[PDB]
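Trainee: Here is the input, now give the coordinates:
(6 chains)
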Amino acid sequence: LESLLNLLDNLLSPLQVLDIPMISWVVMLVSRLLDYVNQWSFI
Amino acid sequence: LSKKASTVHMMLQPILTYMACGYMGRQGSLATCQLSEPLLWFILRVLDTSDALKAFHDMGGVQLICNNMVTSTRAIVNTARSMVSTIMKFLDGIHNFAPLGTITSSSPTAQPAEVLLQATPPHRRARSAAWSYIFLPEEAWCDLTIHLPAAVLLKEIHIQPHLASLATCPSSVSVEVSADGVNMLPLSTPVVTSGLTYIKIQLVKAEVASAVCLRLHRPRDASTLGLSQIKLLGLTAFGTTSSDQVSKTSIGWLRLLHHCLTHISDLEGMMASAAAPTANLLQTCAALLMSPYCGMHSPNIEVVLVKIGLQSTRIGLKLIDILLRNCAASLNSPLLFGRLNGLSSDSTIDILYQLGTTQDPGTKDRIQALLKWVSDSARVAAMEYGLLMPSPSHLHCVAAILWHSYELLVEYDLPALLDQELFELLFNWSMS
Amino acid sequence: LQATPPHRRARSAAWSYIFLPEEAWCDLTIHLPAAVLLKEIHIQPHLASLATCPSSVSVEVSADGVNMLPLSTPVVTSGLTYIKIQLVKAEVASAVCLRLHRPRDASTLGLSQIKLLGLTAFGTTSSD
Amino acid sequence: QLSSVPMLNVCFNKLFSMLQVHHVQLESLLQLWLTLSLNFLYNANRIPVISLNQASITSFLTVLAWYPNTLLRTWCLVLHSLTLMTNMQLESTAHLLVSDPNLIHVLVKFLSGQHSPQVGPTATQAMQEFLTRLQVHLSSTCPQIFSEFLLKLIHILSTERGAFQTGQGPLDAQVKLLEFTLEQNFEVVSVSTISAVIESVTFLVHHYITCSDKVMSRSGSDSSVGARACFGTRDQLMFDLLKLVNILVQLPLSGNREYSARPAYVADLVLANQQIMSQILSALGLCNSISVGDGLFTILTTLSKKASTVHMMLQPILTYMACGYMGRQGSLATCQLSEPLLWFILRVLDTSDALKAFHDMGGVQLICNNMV
Amino acid sequence: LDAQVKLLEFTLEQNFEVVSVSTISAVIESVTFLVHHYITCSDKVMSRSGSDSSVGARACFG
Amino acid sequence: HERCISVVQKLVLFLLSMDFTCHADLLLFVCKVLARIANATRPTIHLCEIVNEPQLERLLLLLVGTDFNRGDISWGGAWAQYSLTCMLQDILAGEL
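Mentor: Residues are numbered from 1 along each chain as shown, chains lettered A, B, ... in the order given. Below is the structure:
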């Protein structure tokens, strides 16, 4: 998760060009990992 | 009012005033007026004549609608499903979620109501109500709380009363919804349900709901309340159960701009001249072009883009750069970060072909720009995302432009643009 | 009008009215042989299918039997197994016009019985 | 390390200040503030995490006073938010709310209203919780303003063309308001408001009894007693209003007769009011053998018990007996008697002193002439 | 509501010649405000019987 | 937990940068990940560490602002509204 969040950090660095599809894949992976680690059950 | 207006200016002034303000006449950077398909249709009818369009232009209408396009595009997020929904689907009309829920009552003595949640309703002539509630003489309301496993976008609530004995149908129904499933909130005042064989409560605005509390009022002429089935219809955020664009998107402004540009050809030029200057207009129009259908078919957006890009050379070069190199906008400023640079579609290919092969003073420069994007791309290959990932369709479009302009006998020196250095660059690229 | 009501589980309404799609009210005028001091009006809806019960009832009374006069605004009757409209002040009535509103959730109005309860000026029926 | 509450307070005060210029939606703002300040089950005793300032509350009340599209969900959010604001540490927030006329305007809007006119148990309970929290927060410091606020609200609702008179608004919530008011202490309440509410309520109930409908249709389940029936729904509301009047007429008056005290009483002021007494007496005269007529009888009995002298009670009775319908005169015009009204008059004439005063005031001659 | 609708239907068949502009503008203003309030203040839920088939107020070109 | 603050701040910037070229479905997951990361750090990330006053104002105006919401039409749809509310609630609950 440290490395995945560093990757997301680097991908979002342009906000602070964005690769939105790559960001989407990374965000979905990070969400799946974090939820494995109730209000969000709708997702 | 438009027909009886003394002059078209009388009708246009209120319309332009409305378009120049936000909600309830508010101002603000990202505030823009509410459009609707009927209102857009009316505005188009008012702008149906050349005189009306001329007055609209003279009163700053074109600039107003283009600025509104850019601003509204900044102020909305696309609710059309994207690759995130595609990925959710890859990971495995409305849908009844009552069967998945658990139904309880605040009265300790109530009969279990799980039978109400069953997807299959009882026989229409079922002589005994599937579920019954006996009212104490001092009881006016009986409550049934259906908790769902997860929050859903609830759209309708169906309650089937015992059809054999309608005297036991609730006199009224008060629906409360809890998005978090803990804090119930009444949707509206109780719905009168006496005399109804079927109770369908449609939410005008779908609500996120993890719990639904139905408070059923004692029948007018019975001490027992008999129900057959309760359905909670709606959608999920994702999955199989997740099944006015002008009102919710910026597309209405683009439809207005297209009408201005195309409705009266003789005015096109003027309209284009009024529309070209506005900042980030081409980026916004390209973004709307590459977005999933939101109330405007691609050909009209392409016509708008082509007519703006062709009204002067500078804008044509900007449009070429937007399509090929950098489509992002040049907390209130437009961003348009959401799309990869240089992505190609039938629309972008057609726009680029028309820009390259349209004969006018700027054509050479446009071709020049196209060729530049080629060489730069090749150069980047020999070692900006639009350069790193040139669309094969866009390269083939440049090739077709060159071929057909050579076969069209253009009025500029096409061969001079195709120098040997570019040819060697392309040869090395292809051999790589 | 029959004094004996039908069986409470009678499966077919003793009387039915089919509403045209544009019809909101169906009227039934009961003329009496002579004027009576009307005190109550009982309407029995078809108990088996209460969806066909009128949604509301507007009672008009005519002492002379010619000029009907509404007693009050329509009484809401949907969801009622029995419709008892009591006149607080008994009225001389030789005719009673019941205007029954189309049911909320049905195109047919089913009734079992109508009683016009009251007294006569004289005779056996003349019982602060 | 740093708390986010100050920043949220700044942002939410800015948002509430944005309501008037229509830059913020009231419903979503209230929902968001409720969600973020409840820390998740709502409870009327919760102190919000996010504290709004006086300007925010004043703007909220102003917007609500003019807010045209206040649906029931909006009203429930409003009531819950007002409750939690009363629980805020700002002068207490409850004092600011009750001292603000916009609060009366807002509660009048709420109580003034195919859907049932009711608001349902949840909205009614939210209104009760809000009023209870106002009462609790003002009890130990200044409950007279809360009682005055309740009486002013009931007066506005009872005045001609008000919610009560026109049969408008949620009946369940109105009855709940009356039930709540009947449990309050009305000491040190100005006599002007007390007399205003008594006058409006007596006029309302007299109109209710005289304007009764010609037909009567109840379901077999319904077994209530008609308003015009003594010694045994809008009837419940009218009866609760009469109960409130009964409570009010018993209040001792202050030394200067301008506020309820804490040996004169509001009953003396009511008896000295000829219009109020005429309305009450004619209303009871339109009754027949607890209901609305029972409420009128109770009020009249209380007035007789609290009258400073038997003459105070006898004068309105004799005035009523000396005139016909609506105070008319004429040879054959005589006042309307009823079994409840006759019973009350007999109770007033139960003592030797009362009978002596009745004789001294021409009562015997009046009743004999009336009989003829 | 029945009597109000009947009144409006009757009024729609009348001739409004030589009517003062003050009253005309007053009625237009009040009616436009009323209808705007009606459309903006629409209820959150919608419950109709199966018999009912009317078109919602916020629906055009039916 | 400084790198976590960095990534959460950039996620908030991403939320604030979403326009019609971005999509609500991604926004739901961005909000969920923001909330989860904020609540996963030992010294839970507070809302004040993530946003500044203008950023928080814009975030809340996405939920309640009339330039982003038009009554029945809400910014990003009902799901986006719910996700933003849940994310804010989660961050504050972790703080409190």
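Trainee: distance of residue B:394 from residue C:21?
Mentor: 60 Å (Cβ to Cβ, to the nearest Å). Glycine gets a C-beta too; all of them are placed from N, C-alpha and C.
Trainee: Ignore what I typed, I meant residue B:293.
Mentor: Distance, residue B:293 to residue C:21, by Cβ to Cβ: 38 Å.
Trainee: Same check on residue B:32?
Mentor: 44 Å.
Trainee: repeat for residue F:37
Mentor: 61 Å.
Trainee: about what we covered before: ok, residue B:32 and residue C:21, which is more surrounded?
Mentor: residue B:32 (29 against 8; other Cβ atoms under 10 Å in any protein chain shown).
Trainee: How is the more buried one assigned, secondary-structure-wise?
Mentor: coil (DSSP: H, G, I helix; E, B strand; the rest coil).
Trainee: Pretty sure it sits against residue F:67.
Mentor: Yes: using Cβ atoms under 8 Å, residue B:32 is in contact with residue F:67, at 7.5 Å.
Trainee: Now list whatever residues contact both of these two.
Mentor: Counting by Cβ atoms under 8 Å, 6 or more residues apart in numbering or on different chains, the contacts common to residue B:32 and residue F:67 are B:22, B:75.
Trainee: Could you check how far the residue in the stretch 251-400 of chain B that chain F sits nearest to is from chain E?
Mentor: Residue of the stretch 251-400 of chain B nearest chain F, by Cβ to the nearest Cβ: residue B:338 (2.7 Å). Residue B:338 is 31 Å from chain E, where distance means Cβ to the nearest Cβ, to the nearest Å.
Trainee: Got phi/psi on that residue?
Mentor: Main-chain dihedrals, residue B:338, degrees, to the nearest 10: phi -70, psi -10.
Trainee: And residue D:56, which helix or strand is it part of?
Mentor: helix D:54-66 (DSSP states H and E).
Trainee: What is that helix packed up against?
Mentor: helix D:5-17, helix D:72-86, helix D:93-99, helix D:101-111 (3 or more Cβ pairs under 8 Å, 6 or more residues apart in numbering or on different chains; DSSP states H and E).
Trainee: so which of these is the most packed in?
Mentor: helix D:72-86 (a mean of 24; mean count of other Cβ atoms under 10 Å in any protein chain shown).
Trainee: how about that helix against chain F, any contact?
Mentor: No: Helix D:72-86 lies out of reach of chain F by Cβ under 8 Å from any Cβ of the partner chain, never closer than 11.8 Å.
Trainee: for the residue nearest to residue B:184 when sequence neighbours are not counted, which residues make a bridge with it?
Mentor: With Cβ to Cβ, 6 or more residues apart in numbering or on different chains as the criterion, residue B:184 has its nearest non-adjacent residue at 3.9 Å, and that residue is residue B:176. Going by DSSP bridges, residue B:176 is paired in beta bridges with residue B:186, residue B:213.
Trainee: isn't residue B:176 right up against residue B:209?
Mentor: No: assessed by Cβ under 8 Å, residue B:176 is found out of contact with residue B:209, at 9.6 Å.
Trainee: contacts for stretch B:361-380?
Mentor: Under the contact criterion Cβ under 8 Å, 6+ apart, stretch B:361-380 has outside partners B:310, B:312-313, B:316-317, B:320-321, B:324-325, B:352, B:355-357, B:386-388, B:390, B:395, B:398, B:401-402, B:405, B:410, B:412-414, B:417-418, B:422, B:425-426, B:428-429.
Trainee: Likewise for stretch B:297-316?
Mentor: Counting by Cβ under 8 Å, 6+ apart, B:254-255, B:257-258, B:261-262, B:268-269, B:272-273, B:275-276, B:281-282, B:285-286, B:288-289, B:318-320, B:345-347, B:350-351, B:354-355, B:358, B:360-362, B:365-366, B:369 sit against stretch B:297-316.
Trainee: please redo it, this time with the cut-off set to 6 Å
Mentor: By Cβ atoms under 6 Å, 6 or more residues apart in numbering or on different chains, the list of residues contacting stretch B:297-316 from outside reads B:257-258, B:261-262, B:272, B:275-276, B:285, B:288-289, B:319, B:347, B:350-351, B:354-355, B:358, B:362, B:365-366.
Trainee: Tell me who's in contact with the residue of the stretch 251-400 of chain B closest to chain F.
Mentor: By Cβ under 6 Å, 6+ apart, residue B:338 lies in contact with A:20, F:21-22.
Trainee: quick check, nearest of those residues to residue F:79?
Mentor: Nearest to residue F:79 among the contacts of residue B:338, counting by Cβ to Cβ, is residue F:22 at 14.2 Å.
Trainee: helix/strand/coil for residue 21?
Mentor: Picking chain A for this. Residue A:21 - assigned by three-state DSSP - is helix.
Trainee: same check, this time on residue B:200
Mentor: strand.
Trainee: what does residue D:276 give?
Mentor: helix.
Trainee: Where does the closest residue to it other than its chain neighbours fall, secondary structure wise?
Mentor: Of all residues not flanking residue D:276 in the chain, residue D:202 sits nearest, at 5.0 Å (Cβ to Cβ, 6+ apart). Secondary structure assignment for residue D:202, by DSSP H and E: helix D:191-210.
Trainee: Say whether chain C is contacted by stretch D:155-174.
Mentor: No: figure legend: stretch D:155-174 not in contact with chain C (Cβ under 6 Å from any Cβ of the partner chain); closest approach 12.0 Å.
Trainee: Distance from that stretch to the middle of the chain?
Mentor: Chain-centre distance of stretch D:155-174: 10 Å, with Cα atoms, centre = their mean, to the nearest Å.
Trainee: what comes into contact with that stretch?
Mentor: Stretch D:155-174 is contacted by residues D:108, D:111-113, D:118-119, D:124, D:127, D:196-197, D:200-201, D:204, D:237 when judged by Cβ under 6 Å, 6+ apart.
Trainee: what two of the residues you listed are the furthest from one another?
Mentor: The two members of these with the most space between them (Cβ to Cβ) are D:118 and D:196, at 27.9 Å.
Trainee: Quick check: which element contains residue B:409?
Mentor: With DSSP H and E as criterion, residue B:409 is part of no helix or strand.
Trainee: residue contacts, it?
Mentor: Residue B:409 makes no contacts at all, as judged by Cβ under 6 Å, 6+ apart.
Trainee: For it, what are phi and psi?
Mentor: According to degrees, to the nearest 10, residue B:409 has phi 60, psi 60.
Trainee: so what's residue D:254 up against?
Mentor: Counting by Cβ under 6 Å, 6+ apart, residue D:254 has contacts residue D:261.
Trainee: any idea how far chain F is from it?
Mentor: 48 Å.
Trainee: quick one on the thing from earlier: neighbour-wise, which one of the contacts of residue B:338 leads?
Mentor: Top of these by neighbour count (other Cβ under 10 Å): residue F:21, with 28 neighbours.
Trainee: Residue B:341 is in contact with that one, correct?
Mentor: No: Residue F:21 is beyond contact range of residue B:341, at 11.8 Å (criterion: Cβ atoms under 6 Å).
Trainee: How many residues are close by the residue in chain D that chain B sits nearest to?
Mentor: Across chain D, no residue is closer to chain B than residue D:120, which sits at 3.7 Å (Cβ to the nearest Cβ). Using other Cβ under 10 Å, residue D:120 has 27 other residues around it.
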